[PDB]
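Enquirer:
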Ligand SMILES: CCc1cc2c(cc1OS(N)(=O)=O)CC[C@@H]1[C@@H]2CC[C@]2(C)[C@@H](O)CC[C@@H]12
Ligand SMILES: [Zn+2]
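In PDB author numbering, the protein residues as written are 3 to 125, 127 to 261.
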């Protein structure tokens with residue numbers, strides 16, 4: 003009876019195994035755009051993905067991860083609120099059963115159809132497992148998806164999903180360029196928070212882009228054909244794999260823009 007997103011093991015249950023669920027810097031949150039404060043002094047984001055080396059795509063039973071070779075500085079995030087250099091290790095998404103829900107963060111209570119998480123770790128901690136133990140260990144770039152025009156740079160991801168339908172399946176996934184998933188603007192909101200799934204560690208500097216990307220109805224429909232279950236187990240569609248907004252508590256969300 004491990005954690006998931008169902009009635010009996012979903013977000014309202016997680017605190018029993020992971021009491022930090024009720025902690026002081028949990029994610030996601032609602033971004034109240036009127037209350038976020040512009041922070042001049044915030045630096046421009048630097049996203050350097052030209053040498054990114056994707057390796058594999060994996061269905062892990064709650065999402066699918068596109069994993070990268072993070073054994074050298076090849077794809078890094080710097081600047082913004084960040085001190086130092088953070089290396090891209092993977093990206094994944096959260097999405098809904100309907101276009102009207104699926105994002106983890108909300109904007110003035112608005113839910114998007116999905117949310118992309120580009121996960122990076124602070125190189127001063129040597130590797131990802133040590134980084135998640137630190138309050139400034141990770142930087143996650145969050146990008147909202149709305150349904151409209153297709154995102155051509157997403158299509159290679161969509162087309163391999165048939166090969167990783169069930170939990171534990173993986174496939175080769177080389178030469179994928181994550182620059183094709185970024186919106187035009189890098190304007191962002193930032194706040195200190197956590198992993199959004201168990202173990203809910205409070206190790207993340209969240210950087211959430213203001214501008215969503217558009218994906219087509221057919222693209223997000225293909226996400227919804229994935230399974231939470233393993234092969235040969237009863238089929239449960241991988242949909243609504245999002246945690247709802249958590250209390251902001253004693254945090255201020257900062258904006259990079261007026
Ligand atoms: C930031 C991406 C991330 C990493 C991890 C999870 C979840 C992720 O999603 S999210 N939405 O970006 O927060 C949950 C499983 C975690 C993992 C970090 C590494 C571990 C903590 C392992 O040491 C033990 C369980 C693993
Ligand atoms: Zn995530």
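For every residue, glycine included, the Cβ atom is placed at its ideal position computed from N, Cα and C.
What residue range is occupied by the uninterrupted beta strand (DSSP E) comprising residue 192?
Expert: The sequence position of residue 192 within the chain shown is 189, counting from 1. Residue 192 -> beta strand (DSSP E) spans 191-196.
Enquirer: Quick check on this structure: which residue in 49, 59 and 3 has the alpha carbon closest to the alpha carbon of residue 165?
Expert: Here the question's residue 165 lines up with position 162 in the chain shown. It is 59 whose Cα lies nearest to the Cα of residue 165.
Enquirer: Return the CA-CA distance between residue 63 and residue 210, expressed in angstroms with no decimal places.
Expert: Looking up residue 63 in the chain shown gives position 61. Looking up residue 210 in the chain shown gives position 207. Computed Cα separation, rounded: 25 Å.
Enquirer: Quick check on the contact list: which residues have their beta carbon closer than 6 Å to a heavy atom of ligand 2?
Expert: Result (chain order): 94, 96, 119 and 199.
Enquirer: Tell me, to the nearest whole angstrom, how far the beta carbon of residue 207 is from that of residue 141; I am working on the premise that it is less than 8 Å.
Expert: As a working note, residue 207 is residue 204 in the chain shown. As a working note, residue 141 is residue 138 in the chain shown. The pair is a contact, with the Cβ atoms about 5 Å apart (cut-off 8 Å).
Enquirer: Just checking my contact of residue 116 with residue 223 at CB under 8 Å: how many whole Å lie between their CB atoms?
Expert: Here residue 116 refers to the residue found at position 114 of the chain shown. Here residue 223 refers to the residue found at position 220 of the chain shown. Right, the Cβ-Cβ distance comes to about 6 Å (below 8 Å), so this counts as a contact.
Enquirer: Which value, in whole angstroms, describes the spacing of the CA atoms of residue 137 and residue 12?
Expert: Position 134 of the chain shown, counted from the start, is the residue given in the question as residue 137. Position 10 of the chain shown, counted from the start, is the residue given in the question as residue 12. If you take the alpha carbons of residue 137 and residue 12, they lie about 26 Å apart.
Enquirer: Going by DSSP in three states, residue 94 sits in which element: helix, strand or coil?
Expert: The residue given as residue 94 occupies position 92 in the chain shown. Strand, per DSSP.
Enquirer: Give me, in chain order, the residues of the same chain whose beta-carbon lies closer than 7 Å to that of residue 253; leave out the 5 immediate sequence neighbours on both sides.
Expert: Your numbering for residue 253 matches position 250 in the chain shown. Once the five neighbours on either side are set aside, the close Cβ partners of residue 253 are 26.
Enquirer: What does residue 69 pair with, by DSSP beta-bridge criteria?
Expert: As a working mapping, residue 69 is identified with position 67 in the chain shown. Answer by DSSP bridge pairing, in chain order: 58 and 92.
Enquirer: Please list, in chain order, all residues of the same chain as residue 214 whose beta carbon is under 6 Å from its beta carbon, the five residues on each side excluded.
Expert: Indexing the chain shown from 1 puts residue 214 at position 211. Same-chain partners within the cutoff: 186 and 188.
Enquirer: Using a Cβ-Cβ cut-off of 8 Å (strictly less than) and excluding sequence neighbours within five positions of residue 102, which residues of its own chain qualify?
Expert: Position 100 of the chain shown, counted from the first residue, corresponds to residue 102. Cβ within range, chain order: 113 and 115.
Enquirer: Grouping DSSP H, G and I as helix and E and B as strand, with all else coil, what is residue 105?
Expert: Translated into the one-based positions of the chain shown, residue 105 becomes position 103. Residue state, collapsed to three classes: coil.
Enquirer: Say yes only if the C-beta of residue 212 is nearer than 7 Å to one or more non-hydrogen atoms of ligand 1, and no if none qualify.
Expert: Counting from 1 along the chain shown, the entry for residue 212 is found at position 209. Checking every heavy atom of ligand 1 against the Cβ of residue 212, none is found closer than 7 Å.
Enquirer: Taking 7 Å as the line, does the beta carbon of residue 155 fall inside it for any heavy atom of ligand 1?
Expert: The residue given as residue 155 occupies position 152 in the chain shown. It does not: the Cβ of residue 155 is nowhere closer than 7 Å to a heavy atom of ligand 1.
Enquirer: Indicate whether the contact test is met: 3 or more Cβ pairs, each with one atom in the region 39-48 and one in the region 158-174, closer than 8 Å.
Expert: In short, these stretches do not touch, since the Cβ pair count stays below three.
Enquirer: Taking only the alpha-carbon atoms, compute the straight-line gap between residue 81 and residue 34 and give it to the nearest angstrom.
Expert: The sequence position of residue 81 within the chain shown is 79, counting from 1. The sequence position of residue 34 within the chain shown is 32, counting from 1. If you take the alpha carbons of residue 81 and residue 34, they lie about 23 Å apart.
Enquirer: Using a Cβ-Cβ cut-off of 7 Å (strictly less than) and excluding sequence neighbours within five positions of residue 232, which residues of its own chain qualify?
Expert: Locating residue 232 in the chain shown gives position 229, where the first residue counts as 1. If we look at residue 232 and ignore the five residues flanking it on each side, its Cβ neighbours are 169, 170, 238 and 239.
Enquirer: Taking the alpha carbon of residue 110 as the reference point, which residue from 84, 83 and 248 has its own alpha carbon closest?
Expert: For this step, residue 110 is matched to residue 108 along the chain shown. Among 84, 83 and 248, the Cα nearest to that of residue 110 is on 248.
Enquirer: List the DSSP bridge partners of residue 147.
Expert: Looking up residue 147 in the chain shown gives position 144. Bridge partners of residue 147: 117.
Enquirer: Just reading off the alpha helix (DSSP H) that residue 16 is part of, what are its end residues?
Expert: Here residue 16 refers to the residue found at position 14 of the chain shown. Residues 16-19.
Enquirer: Would you check if the distance between the CB atom of residue 17 and the CB atom of residue 9 is smaller than 8 Å?
Expert: Here the question's residue 17 lines up with position 15 in the chain shown. Here the question's residue 9 lines up with position 7 in the chain shown. No.
Enquirer: According to the Cβ coordinates, are residue 148 and residue 22 closer than 8 Å?
Expert: Residue 148 sits at position 145 when you count from the first residue of the chain shown. Residue 22 sits at position 20 when you count from the first residue of the chain shown. No. Outside cutoff.
Enquirer: Would the C-beta of residue 141 count as close to ligand 1, meaning under 7 Å from any of its heavy atoms?
Expert: Within the chain shown, the letter at position 138 stands for residue 141. Yes, the Cβ of residue 141 comes within 7 Å of a heavy atom of ligand 1.
Enquirer: If I measure Cβ to Cβ from residue 182 and keep anything under 7 Å in the same chain, skipping five residues before and after, which residues do I get?
Expert: As a first step, residue 182 is located in the chain shown; it is residue number 179 there, counting from the start. Hits under 7 Å: 51.
Enquirer: If I'm right that residue 91 touches residue 75 with Cβ under 8 Å, what's the distance once you round it to whole angstroms?
Expert: Taking the first residue of the chain shown as position 1, residue 91 is located at position 89. Taking the first residue of the chain shown as position 1, residue 75 is located at position 73. Not quite, the Cβ-Cβ distance comes to about 12 Å (not below 8 Å), so this is no contact.
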